[PDB]
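Just coords-v4.pdb here, PDB, N, CA and C atoms and all ligand atoms:
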```
ATOM      1  N   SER A   1       4.104   9.288  -9.308
ATOM      2  CA  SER A   1       4.797   8.224  -8.588
ATOM      3  C   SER A   1       5.932   8.767  -7.727
ATOM      4  N   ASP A   2       6.095  10.085  -7.745
ATOM      5  CA  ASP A   2       7.171  10.749  -7.018
ATOM      6  C   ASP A   2       7.038  10.615  -5.500
ATOM      7  N   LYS A   3       5.833  10.312  -5.027
ATOM      8  CA  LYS A   3       5.584  10.262  -3.591
ATOM      9  C   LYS A   3       5.324   8.844  -3.106
ATOM     10  N   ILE A   4       5.597   7.859  -3.959
ATOM     11  CA  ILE A   4       5.372   6.455  -3.603
ATOM     12  C   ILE A   4       6.683   5.725  -3.342
ATOM     13  N   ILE A   5       6.808   5.112  -2.175
ATOM     14  CA  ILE A   5       7.999   4.327  -1.877
ATOM     15  C   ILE A   5       8.008   3.021  -2.668
ATOM     16  N   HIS A   6       9.119   2.752  -3.345
ATOM     17  CA  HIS A   6       9.272   1.513  -4.093
ATOM     18  C   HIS A   6       9.853   0.442  -3.167
ATOM     19  N   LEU A   7       9.073  -0.601  -2.889
ATOM     20  CA  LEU A   7       9.490  -1.642  -1.958
ATOM     21  C   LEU A   7       9.942  -2.904  -2.673
ATOM     22  N   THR A   8      10.856  -3.630  -2.033
ATOM     23  CA  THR A   8      11.221  -4.981  -2.453
ATOM     24  C   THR A   8      11.321  -5.873  -1.227
ATOM     25  N   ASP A   9      11.503  -7.175  -1.447
ATOM     26  CA  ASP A   9      11.829  -8.111  -0.367
ATOM     27  C   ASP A   9      12.959  -7.567   0.515
ATOM     28  N   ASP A  10      13.899  -6.852  -0.096
ATOM     29  CA  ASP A  10      15.107  -6.440   0.613
ATOM     30  C   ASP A  10      15.005  -5.094   1.323
ATOM     31  N   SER A  11      14.020  -4.289   0.949
ATOM     32  CA  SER A  11      13.812  -3.015   1.616
ATOM     33  C   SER A  11      12.583  -3.006   2.518
ATOM     34  N   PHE A  12      11.810  -4.088   2.523
ATOM     35  CA  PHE A  12      10.531  -4.080   3.240
ATOM     36  C   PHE A  12      10.693  -3.898   4.747
ATOM     37  N   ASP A  13      11.689  -4.578   5.315
ATOM     38  CA  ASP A  13      11.939  -4.507   6.752
ATOM     39  C   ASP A  13      12.195  -3.070   7.182
ATOM     40  N   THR A  14      13.179  -2.439   6.553
ATOM     41  CA  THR A  14      13.562  -1.068   6.905
ATOM     42  C   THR A  14      12.445  -0.059   6.616
ATOM     43  N   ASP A  15      11.852  -0.155   5.430
ATOM     44  CA  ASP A  15      10.936   0.874   4.940
ATOM     45  C   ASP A  15       9.528   0.757   5.511
ATOM     46  N   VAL A  16       9.152  -0.437   5.961
ATOM     47  CA  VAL A  16       7.817  -0.649   6.514
ATOM     48  C   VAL A  16       7.862  -1.114   7.973
ATOM     49  N   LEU A  17       8.472  -2.268   8.219
ATOM     50  CA  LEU A  17       8.443  -2.850   9.562
ATOM     51  C   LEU A  17       9.138  -1.999  10.622
ATOM     52  N   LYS A  18      10.120  -1.195  10.205
ATOM     53  CA  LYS A  18      10.869  -0.350  11.146
ATOM     54  C   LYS A  18      10.485   1.122  11.018
ATOM     55  N   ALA A  19       9.441   1.386  10.247
ATOM     56  CA  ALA A  19       8.980   2.746   9.992
ATOM     57  C   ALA A  19       7.978   3.184  11.057
ATOM     58  N   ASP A  20       8.161   4.385  11.586
ATOM     59  CA  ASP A  20       7.239   4.921  12.571
ATOM     60  C   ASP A  20       6.046   5.534  11.837
ATOM     61  N   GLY A  21       4.836   5.296  12.330
ATOM     62  CA  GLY A  21       3.656   5.890  11.717
ATOM     63  C   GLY A  21       2.957   4.968  10.732
ATOM     64  N   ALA A  22       2.085   5.540   9.907
ATOM     65  CA  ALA A  22       1.241   4.744   9.028
ATOM     66  C   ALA A  22       1.804   4.635   7.622
ATOM     67  N   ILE A  23       1.848   3.404   7.116
ATOM     68  CA  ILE A  23       2.261   3.134   5.747
ATOM     69  C   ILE A  23       1.195   2.306   5.037
ATOM     70  N   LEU A  24       0.731   2.804   3.900
ATOM     71  CA  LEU A  24      -0.228   2.076   3.079
ATOM     72  C   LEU A  24       0.514   1.416   1.920
ATOM     73  N   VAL A  25       0.548   0.086   1.915
ATOM     74  CA  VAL A  25       1.265  -0.670   0.887
ATOM     75  C   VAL A  25       0.325  -1.262  -0.147
ATOM     76  N   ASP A  26       0.596  -0.942  -1.409
ATOM     77  CA  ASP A  26      -0.184  -1.404  -2.543
ATOM     78  C   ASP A  26       0.520  -2.601  -3.197
ATOM     79  N   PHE A  27      -0.077  -3.785  -3.060
ATOM     80  CA  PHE A  27       0.419  -4.985  -3.716
ATOM     81  C   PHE A  27      -0.203  -5.047  -5.105
ATOM     82  N   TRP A  28       0.642  -5.099  -6.139
ATOM     83  CA  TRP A  28       0.201  -4.940  -7.521
ATOM     84  C   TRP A  28       1.080  -5.738  -8.506
ATOM     85  N   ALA A  29       0.659  -5.774  -9.768
ATOM     86  CA  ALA A  29       1.495  -6.272 -10.866
ATOM     87  C   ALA A  29       1.026  -5.630 -12.166
ATOM     88  N   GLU A  30       1.870  -5.681 -13.195
ATOM     89  CA  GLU A  30       1.584  -5.027 -14.476
ATOM     90  C   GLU A  30       0.384  -5.623 -15.201
ATOM     91  N   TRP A  31       0.121  -6.903 -14.945
ATOM     92  CA  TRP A  31      -0.986  -7.607 -15.589
ATOM     93  C   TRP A  31      -2.338  -7.316 -14.947
ATOM     94  N   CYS A  32      -2.303  -6.620 -13.818
ATOM     95  CA  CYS A  32      -3.498  -6.326 -13.038
ATOM     96  C   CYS A  32      -4.171  -5.028 -13.490
ATOM     97  N   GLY A  33      -5.292  -5.159 -14.196
ATOM     98  CA  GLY A  33      -6.015  -4.007 -14.711
ATOM     99  C   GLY A  33      -6.509  -3.055 -13.636
ATOM    100  N   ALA A  34      -7.175  -3.594 -12.619
ATOM    101  CA  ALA A  34      -7.715  -2.782 -11.528
ATOM    102  C   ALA A  34      -6.618  -2.013 -10.786
ATOM    103  N   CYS A  35      -5.396  -2.538 -10.836
ATOM    104  CA  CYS A  35      -4.247  -1.906 -10.180
ATOM    105  C   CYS A  35      -3.918  -0.536 -10.778
ATOM    106  N   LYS A  36      -4.234  -0.330 -12.057
ATOM    107  CA  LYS A  36      -3.986   0.964 -12.708
ATOM    108  C   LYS A  36      -4.818   2.127 -12.135
ATOM    109  N   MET A  37      -6.111   1.908 -11.891
ATOM    110  CA  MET A  37      -6.922   2.942 -11.234
ATOM    111  C   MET A  37      -6.473   3.178  -9.797
ATOM    112  N   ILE A  38      -6.142   2.093  -9.107
ATOM    113  CA  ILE A  38      -5.611   2.183  -7.753
ATOM    114  C   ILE A  38      -4.406   3.125  -7.744
ATOM    115  N   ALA A  39      -3.511   2.949  -8.712
ATOM    116  CA  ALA A  39      -2.302   3.764  -8.810
ATOM    117  C   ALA A  39      -2.588   5.267  -8.911
ATOM    118  N   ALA A  40      -3.566   5.638  -9.728
ATOM    119  CA  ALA A  40      -3.911   7.046  -9.892
ATOM    120  C   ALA A  40      -4.512   7.652  -8.629
ATOM    121  N   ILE A  41      -5.381   6.893  -7.966
ATOM    122  CA  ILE A  41      -5.948   7.328  -6.697
ATOM    123  C   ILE A  41      -4.838   7.476  -5.664
ATOM    124  N   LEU A  42      -3.917   6.520  -5.644
ATOM    125  CA  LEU A  42      -2.842   6.554  -4.662
ATOM    126  C   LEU A  42      -1.904   7.741  -4.830
ATOM    127  N   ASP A  43      -1.683   8.184  -6.065
ATOM    128  CA  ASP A  43      -0.889   9.393  -6.255
ATOM    129  C   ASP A  43      -1.554  10.586  -5.553
ATOM    130  N   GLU A  44      -2.874  10.700  -5.682
ATOM    131  CA  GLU A  44      -3.595  11.797  -5.054
ATOM    132  C   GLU A  44      -3.587  11.664  -3.536
ATOM    133  N   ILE A  45      -3.847  10.453  -3.050
ATOM    134  CA  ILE A  45      -3.772  10.173  -1.611
ATOM    135  C   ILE A  45      -2.392  10.477  -1.012
ATOM    136  N   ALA A  46      -1.332  10.025  -1.677
ATOM    137  CA  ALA A  46       0.016  10.281  -1.180
ATOM    138  C   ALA A  46       0.273  11.788  -1.021
ATOM    139  N   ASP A  47      -0.176  12.559  -2.006
ATOM    140  CA  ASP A  47      -0.059  14.011  -1.979
ATOM    141  C   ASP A  47      -0.890  14.634  -0.865
ATOM    142  N   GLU A  48      -2.169  14.278  -0.813
ATOM    143  CA  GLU A  48      -3.085  14.885   0.144
ATOM    144  C   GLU A  48      -2.748  14.556   1.592
ATOM    145  N   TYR A  49      -2.205  13.358   1.803
ATOM    146  CA  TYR A  49      -1.969  12.836   3.144
ATOM    147  C   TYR A  49      -0.506  12.946   3.581
ATOM    148  N   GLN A  50       0.312  13.683   2.828
ATOM    149  CA  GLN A  50       1.718  13.891   3.191
ATOM    150  C   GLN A  50       1.862  14.306   4.643
ATOM    151  N   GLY A  51       2.780  13.661   5.358
ATOM    152  CA  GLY A  51       3.024  13.987   6.754
ATOM    153  C   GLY A  51       2.128  13.229   7.714
ATOM    154  N   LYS A  52       1.105  12.568   7.171
ATOM    155  CA  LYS A  52       0.189  11.767   7.980
ATOM    156  C   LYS A  52       0.255  10.300   7.582
ATOM    157  N   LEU A  53       0.579  10.060   6.317
ATOM    158  CA  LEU A  53       0.551   8.714   5.750
ATOM    159  C   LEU A  53       1.624   8.582   4.679
ATOM    160  N   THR A  54       2.378   7.487   4.709
ATOM    161  CA  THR A  54       3.269   7.168   3.597
ATOM    162  C   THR A  54       2.630   6.085   2.731
ATOM    163  N   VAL A  55       2.775   6.214   1.417
ATOM    164  CA  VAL A  55       2.208   5.246   0.499
ATOM    165  C   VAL A  55       3.350   4.541  -0.214
ATOM    166  N   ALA A  56       3.213   3.234  -0.408
ATOM    167  CA  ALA A  56       4.287   2.426  -0.977
ATOM    168  C   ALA A  56       3.699   1.379  -1.909
ATOM    169  N   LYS A  57       4.554   0.794  -2.747
ATOM    170  CA  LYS A  57       4.153  -0.257  -3.687
ATOM    171  C   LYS A  57       5.087  -1.452  -3.620
ATOM    172  N   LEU A  58       4.507  -2.644  -3.711
ATOM    173  CA  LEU A  58       5.264  -3.890  -3.723
ATOM    174  C   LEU A  58       4.749  -4.674  -4.916
ATOM    175  N   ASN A  59       5.596  -4.861  -5.924
ATOM    176  CA  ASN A  59       5.201  -5.647  -7.081
ATOM    177  C   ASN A  59       5.287  -7.135  -6.738
ATOM    178  N   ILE A  60       4.166  -7.841  -6.833
ATOM    179  CA  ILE A  60       4.132  -9.226  -6.384
ATOM    180  C   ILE A  60       4.848 -10.211  -7.313
ATOM    181  N   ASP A  61       4.963  -9.873  -8.597
ATOM    182  CA  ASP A  61       5.681 -10.728  -9.548
ATOM    183  C   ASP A  61       7.166 -10.769  -9.209
ATOM    184  N   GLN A  62       7.682  -9.630  -8.756
ATOM    185  CA  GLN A  62       9.111  -9.430  -8.538
ATOM    186  C   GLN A  62       9.520  -9.667  -7.094
ATOM    187  N   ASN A  63       8.531  -9.763  -6.215
ATOM    188  CA  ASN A  63       8.788  -9.930  -4.792
ATOM    189  C   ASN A  63       7.830 -10.939  -4.182
ATOM    190  N   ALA A  64       7.856 -12.151  -4.722
ATOM    191  CA  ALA A  64       6.914 -13.184  -4.314
ATOM    192  C   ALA A  64       7.066 -13.565  -2.838
ATOM    193  N   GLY A  65       8.271 -13.415  -2.292
ATOM    194  CA  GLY A  65       8.508 -13.704  -0.882
ATOM    195  C   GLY A  65       7.674 -12.860   0.070
ATOM    196  N   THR A  66       7.640 -11.556  -0.197
ATOM    197  CA  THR A  66       6.851 -10.620   0.596
ATOM    198  C   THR A  66       5.364 -10.888   0.399
ATOM    199  N   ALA A  67       4.972 -11.139  -0.849
ATOM    200  CA  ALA A  67       3.584 -11.469  -1.155
ATOM    201  C   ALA A  67       3.128 -12.679  -0.346
ATOM    202  N   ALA A  68       3.976 -13.699  -0.281
ATOM    203  CA  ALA A  68       3.616 -14.916   0.427
ATOM    204  C   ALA A  68       3.573 -14.698   1.931
ATOM    205  N   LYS A  69       4.524 -13.928   2.451
ATOM    206  CA  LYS A  69       4.587 -13.644   3.882
ATOM    207  C   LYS A  69       3.303 -12.995   4.398
ATOM    208  N   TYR A  70       2.702 -12.132   3.580
ATOM    209  CA  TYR A  70       1.492 -11.414   3.987
ATOM    210  C   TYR A  70       0.206 -12.042   3.444
ATOM    211  N   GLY A  71       0.333 -13.237   2.872
ATOM    212  CA  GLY A  71      -0.826 -14.017   2.475
ATOM    213  C   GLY A  71      -1.632 -13.386   1.355
ATOM    214  N   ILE A  72      -0.950 -12.682   0.458
ATOM    215  CA  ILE A  72      -1.638 -12.002  -0.625
ATOM    216  C   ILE A  72      -2.233 -13.054  -1.560
ATOM    217  N   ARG A  73      -3.529 -12.957  -1.847
ATOM    218  CA  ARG A  73      -4.213 -13.974  -2.664
ATOM    219  C   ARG A  73      -4.614 -13.470  -4.036
ATOM    220  N   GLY A  74      -4.874 -12.174  -4.101
ATOM    221  CA  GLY A  74      -5.276 -11.520  -5.327
ATOM    222  C   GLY A  74      -4.894 -10.059  -5.221
ATOM    223  N   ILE A  75      -4.849  -9.381  -6.360
ATOM    224  CA  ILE A  75      -4.452  -7.988  -6.377
ATOM    225  C   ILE A  75      -5.479  -7.195  -7.169
ATOM    226  N   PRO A  76      -5.612  -5.900  -6.892
ATOM    227  CA  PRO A  76      -4.881  -5.185  -5.863
ATOM    228  C   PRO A  76      -5.262  -5.551  -4.459
ATOM    229  N   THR A  77      -4.278  -5.516  -3.561
ATOM    230  CA  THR A  77      -4.532  -5.569  -2.123
ATOM    231  C   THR A  77      -3.790  -4.405  -1.464
ATOM    232  N   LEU A  78      -4.479  -3.707  -0.569
ATOM    233  CA  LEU A  78      -3.857  -2.644   0.208
ATOM    234  C   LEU A  78      -3.661  -3.147   1.628
ATOM    235  N   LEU A  79      -2.438  -3.022   2.141
ATOM    236  CA  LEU A  79      -2.154  -3.340   3.537
ATOM    237  C   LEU A  79      -1.771  -2.062   4.246
ATOM    238  N   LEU A  80      -2.466  -1.756   5.334
ATOM    239  CA  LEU A  80      -2.129  -0.597   6.132
ATOM    240  C   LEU A  80      -1.337  -1.055   7.339
ATOM    241  N   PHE A  81      -0.132  -0.513   7.480
ATOM    242  CA  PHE A  81       0.737  -0.831   8.599
ATOM    243  C   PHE A  81       0.768   0.351   9.546
ATOM    244  N   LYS A  82       0.813   0.074  10.841
ATOM    245  CA  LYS A  82       1.059   1.119  11.827
ATOM    246  C   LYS A  82       2.145   0.615  12.749
ATOM    247  N   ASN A  83       3.232   1.383  12.850
ATOM    248  CA  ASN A  83       4.390   0.988  13.644
ATOM    249  C   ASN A  83       4.816  -0.461  13.401
ATOM    250  N   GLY A  84       4.897  -0.847  12.131
ATOM    251  CA  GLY A  84       5.433  -2.145  11.766
ATOM    252  C   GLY A  84       4.491  -3.334  11.841
ATOM    253  N   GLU A  85       3.231  -3.104  12.207
ATOM    254  CA  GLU A  85       2.258  -4.187  12.339
ATOM    255  C   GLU A  85       1.079  -3.931  11.412
ATOM    256  N   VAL A  86       0.488  -4.988  10.862
ATOM    257  CA  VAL A  86      -0.701  -4.819  10.027
ATOM    258  C   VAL A  86      -1.880  -4.283  10.850
ATOM    259  N   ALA A  87      -2.462  -3.176  10.400
ATOM    260  CA  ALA A  87      -3.588  -2.555  11.097
ATOM    261  C   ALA A  87      -4.889  -2.813  10.366
ATOM    262  N   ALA A  88      -4.791  -2.972   9.051
ATOM    263  CA  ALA A  88      -5.978  -3.180   8.228
ATOM    264  C   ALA A  88      -5.584  -3.647   6.842
ATOM    265  N   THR A  89      -6.513  -4.300   6.152
ATOM    266  CA  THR A  89      -6.297  -4.665   4.761
ATOM    267  C   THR A  89      -7.562  -4.418   3.959
ATOM    268  N   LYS A  90      -7.389  -4.222   2.660
ATOM    269  CA  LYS A  90      -8.522  -4.088   1.744
ATOM    270  C   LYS A  90      -8.136  -4.747   0.428
ATOM    271  N   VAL A  91      -8.869  -5.799   0.072
ATOM    272  CA  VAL A  91      -8.635  -6.549  -1.162
ATOM    273  C   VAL A  91      -9.599  -6.097  -2.246
ATOM    274  N   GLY A  92      -9.062  -5.791  -3.422
ATOM    275  CA  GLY A  92      -9.913  -5.419  -4.541
ATOM    276  C   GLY A  92     -10.110  -3.923  -4.696
ATOM    277  N   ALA A  93     -10.628  -3.532  -5.860
ATOM    278  CA  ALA A  93     -10.786  -2.128  -6.236
ATOM    279  C   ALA A  93     -11.751  -1.377  -5.327
ATOM    280  N   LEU A  94     -11.491  -0.087  -5.154
ATOM    281  CA  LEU A  94     -12.384   0.788  -4.409
ATOM    282  C   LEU A  94     -12.197   2.221  -4.895
ATOM    283  N   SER A  95     -13.164   3.077  -4.605
ATOM    284  CA  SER A  95     -13.104   4.456  -5.077
ATOM    285  C   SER A  95     -12.234   5.276  -4.144
ATOM    286  N   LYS A  96     -11.883   6.486  -4.572
ATOM    287  CA  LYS A  96     -11.081   7.375  -3.738
ATOM    288  C   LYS A  96     -11.813   7.654  -2.431
ATOM    289  N   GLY A  97     -13.110   7.942  -2.535
ATOM    290  CA  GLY A  97     -13.936   8.186  -1.365
ATOM    291  C   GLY A  97     -13.948   7.001  -0.427
ATOM    292  N   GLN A  98     -14.026   5.798  -0.985
ATOM    293  CA  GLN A  98     -14.015   4.612  -0.136
ATOM    294  C   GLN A  98     -12.665   4.454   0.545
ATOM    295  N   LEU A  99     -11.590   4.751  -0.177
ATOM    296  CA  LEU A  99     -10.269   4.642   0.417
ATOM    297  C   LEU A  99     -10.114   5.644   1.564
ATOM    298  N   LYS A 100     -10.637   6.854   1.387
ATOM    299  CA  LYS A 100     -10.565   7.837   2.465
ATOM    300  C   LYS A 100     -11.304   7.376   3.726
ATOM    301  N   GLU A 101     -12.484   6.793   3.566
ATOM    302  CA  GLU A 101     -13.201   6.345   4.752
ATOM    303  C   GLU A 101     -12.561   5.093   5.349
ATOM    304  N   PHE A 102     -11.969   4.241   4.510
ATOM    305  CA  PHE A 102     -11.177   3.111   5.016
ATOM    306  C   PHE A 102     -10.028   3.636   5.876
ATOM    307  N   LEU A 103      -9.370   4.691   5.414
ATOM    308  CA  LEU A 103      -8.296   5.290   6.201
ATOM    309  C   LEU A 103      -8.824   5.895   7.508
ATOM    310  N   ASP A 104      -9.943   6.606   7.424
ATOM    311  CA  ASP A 104     -10.535   7.213   8.612
ATOM    312  C   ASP A 104     -10.909   6.149   9.649
ATOM    313  N   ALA A 105     -11.355   4.992   9.168
ATOM    314  CA  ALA A 105     -11.773   3.892  10.035
ATOM    315  C   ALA A 105     -10.624   3.396  10.910
ATOM    316  N   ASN A 106      -9.400   3.717  10.503
ATOM    317  CA  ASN A 106      -8.221   3.232  11.196
ATOM    318  C   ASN A 106      -7.532   4.264  12.085
ATOM    319  N   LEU A 107      -8.192   5.399  12.296
ATOM    320  CA  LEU A 107      -7.694   6.434  13.205
ATOM    321  C   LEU A 107      -7.799   6.039  14.687
ATOM    322  N   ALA A 108      -6.772   6.374  15.463
ATOM    323  CA  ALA A 108      -6.785   6.134  16.905
ATOM    324  C   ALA A 108      -7.906   6.910  17.587
TER     325      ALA A 108
HETATM  326 CU    CU B 201       4.431  10.936  -8.278
END
```
Is it possible to give me this structure as structure tokens?
Ligand SMILES: [Cu+2]
Amino acid sequence: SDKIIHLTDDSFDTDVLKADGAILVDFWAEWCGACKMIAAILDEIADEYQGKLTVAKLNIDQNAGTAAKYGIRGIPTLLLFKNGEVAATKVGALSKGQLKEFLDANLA
């Protein structure tokens, strides 16, 4: 978790909306089973993609305002931001390989 940005309602603007480049935000909660595998994959992704992609987490139980703003309906949900705007989303569990091709799909 050393390479994952911890987001809240109060840091989201600065850390995501005003951030240059790509940020992958993981919307999660402790009660979400599928979110645990997502977390392990994301640690590897954050490491492998350092300097190309920032990875972050937003707990929806603790930050319902942000969850509502982005229309989160179920978790896990991954939101990919580029220069402060939503570029892509993926709802529900996926494999590491699938996440890599989802990321590749969003290359300029
Ligand atoms: Cu870590």
The PyMOL selection byres (((not hetatm)) within 7 of (chain B and resi 201)) on the file shown: which residues, as an mmCIF file with N, CA and C atoms, in the frame of the given file?
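Writing done, so here's result.cif:
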```
data_model
loop_
_atom_site.group_PDB
_atom_site.id
_atom_site.type_symbol
_atom_site.label_atom_id
_atom_site.label_comp_id
_atom_site.auth_asym_id
_atom_site.auth_seq_id
_atom_site.Cartn_x
_atom_site.Cartn_y
_atom_site.Cartn_z
ATOM 1 N N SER A 1 4.104 9.288 -9.308
ATOM 2 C CA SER A 1 4.797 8.224 -8.588
ATOM 3 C C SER A 1 5.932 8.767 -7.727
ATOM 4 N N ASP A 2 6.095 10.085 -7.745
ATOM 5 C CA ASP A 2 7.171 10.749 -7.018
ATOM 6 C C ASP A 2 7.038 10.615 -5.500
ATOM 7 N N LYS A 3 5.833 10.312 -5.027
ATOM 8 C CA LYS A 3 5.584 10.262 -3.591
ATOM 9 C C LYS A 3 5.324 8.844 -3.106
ATOM 10 N N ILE A 4 5.597 7.859 -3.959
ATOM 11 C CA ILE A 4 5.372 6.455 -3.603
ATOM 12 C C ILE A 4 6.683 5.725 -3.342
ATOM 13 N N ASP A 43 -1.683 8.184 -6.065
ATOM 14 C CA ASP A 43 -0.889 9.393 -6.255
ATOM 15 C C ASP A 43 -1.554 10.586 -5.553
#
```
Checklist entry - Residues of segment 8-88 of chain A in strand (DSSP E) according to DSSP, as number ranges by chain? => result A: 22-28, 54-59, 77-82, 85-88
Item to check | Separation of atom C of residue 102 of chain A from atom CA of residue 64 of chain A, in Å and rounded to one decimal | outcome: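 These atoms are spaced 26.0 Å apart.
Rounded to one decimal, atom C of residue 79 of chain A and atom N of residue 26 of chain A lie 6.2 Å from each other.
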Item to check | All alpha helix (DSSP H) residues (DSSP, backbone) inside chain A, as number ranges by chain | outcome: A: 12, 33-48, 64-69, 96-104
Next on the checklist: Can you spell out as an MDAnalysis selection string the set of residues that the PyMOL selection byres (((chain A and resi 93 and name CA) around 7) and not hetatm and name CA) selects in the structure I just provided?
Outcome noted: chainID A and resid 34 38 76 92 94
Item to check | Straight-line distance linking atom CA of residue 27 of chain A with atom CA of residue 107 of chain A, stated in Å to one decimal | outcome: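 That distance, rounded to one decimal, is 22.0 Å.
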Next on the checklist: Show me, as a PyMOL selection string, the residues that have an atom within 6 Å of residue 82 of chain A when counting only N, CA and C atoms, minus same-chain residues fewer than 6 positions from it.
Outcome noted: chain A and resi 21-23
Next on the checklist: Restricting the calculation to only N, CA and C atoms: of A:46, A:12, A:19, A:41, which residue gets closest to residue 95 of chain A?
Outcome noted: A:41
Output segment 84-100 of chain A with N, CA, C and O atoms present, as a CSV table (one decimal), in the coordinates of the input.
```csv
chain,number,residue,atom,x,y,z
A,84,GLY,N,4.9,-0.8,12.1
A,84,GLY,CA,5.4,-2.1,11.8
A,84,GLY,C,4.5,-3.3,11.8
A,84,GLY,O,4.9,-4.5,11.6
A,85,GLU,N,3.2,-3.1,12.2
A,85,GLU,CA,2.3,-4.2,12.3
A,85,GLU,C,1.1,-3.9,11.4
A,85,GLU,O,0.7,-2.8,11.2
A,86,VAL,N,0.5,-5.0,10.9
A,86,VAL,CA,-0.7,-4.8,10.0
A,86,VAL,C,-1.9,-4.3,10.8
A,86,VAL,O,-2.2,-4.9,11.9
A,87,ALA,N,-2.5,-3.2,10.4
A,87,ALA,CA,-3.6,-2.6,11.1
A,87,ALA,C,-4.9,-2.8,10.4
A,87,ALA,O,-6.0,-2.8,11.0
A,88,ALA,N,-4.8,-3.0,9.1
A,88,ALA,CA,-6.0,-3.2,8.2
A,88,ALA,C,-5.6,-3.6,6.8
A,88,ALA,O,-4.4,-3.5,6.4
A,89,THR,N,-6.5,-4.3,6.2
A,89,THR,CA,-6.3,-4.7,4.8
A,89,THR,C,-7.6,-4.4,4.0
A,89,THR,O,-8.7,-4.4,4.5
A,90,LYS,N,-7.4,-4.2,2.7
A,90,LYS,CA,-8.5,-4.1,1.7
A,90,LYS,C,-8.1,-4.7,0.4
A,90,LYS,O,-7.2,-4.3,-0.3
A,91,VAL,N,-8.9,-5.8,0.1
A,91,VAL,CA,-8.6,-6.5,-1.2
A,91,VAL,C,-9.6,-6.1,-2.2
A,91,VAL,O,-10.8,-6.0,-2.0
A,92,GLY,N,-9.1,-5.8,-3.4
A,92,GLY,CA,-9.9,-5.4,-4.5
A,92,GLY,C,-10.1,-3.9,-4.7
A,92,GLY,O,-9.8,-3.1,-3.8
A,93,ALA,N,-10.6,-3.5,-5.9
A,93,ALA,CA,-10.8,-2.1,-6.2
A,93,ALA,C,-11.8,-1.4,-5.3
A,93,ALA,O,-12.7,-2.0,-4.8
A,94,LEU,N,-11.5,-0.1,-5.2
A,94,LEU,CA,-12.4,0.8,-4.4
A,94,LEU,C,-12.2,2.2,-4.9
A,94,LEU,O,-11.2,2.5,-5.5
A,95,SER,N,-13.2,3.1,-4.6
A,95,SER,CA,-13.1,4.5,-5.1
A,95,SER,C,-12.2,5.3,-4.1
A,95,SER,O,-11.9,4.8,-3.1
A,96,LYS,N,-11.9,6.5,-4.6
A,96,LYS,CA,-11.1,7.4,-3.7
A,96,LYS,C,-11.8,7.7,-2.4
A,96,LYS,O,-11.2,7.6,-1.4
A,97,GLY,N,-13.1,7.9,-2.5
A,97,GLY,CA,-13.9,8.2,-1.4
A,97,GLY,C,-13.9,7.0,-0.4
A,97,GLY,O,-13.9,7.2,0.8
A,98,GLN,N,-14.0,5.8,-1.0
A,98,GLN,CA,-14.0,4.6,-0.1
A,98,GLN,C,-12.7,4.5,0.5
A,98,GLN,O,-12.6,4.1,1.7
A,99,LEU,N,-11.6,4.8,-0.2
A,99,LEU,CA,-10.3,4.6,0.4
A,99,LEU,C,-10.1,5.6,1.6
A,99,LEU,O,-9.6,5.3,2.6
A,100,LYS,N,-10.6,6.9,1.4
A,100,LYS,CA,-10.6,7.8,2.5
A,100,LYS,C,-11.3,7.4,3.7
A,100,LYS,O,-10.8,7.5,4.8
```
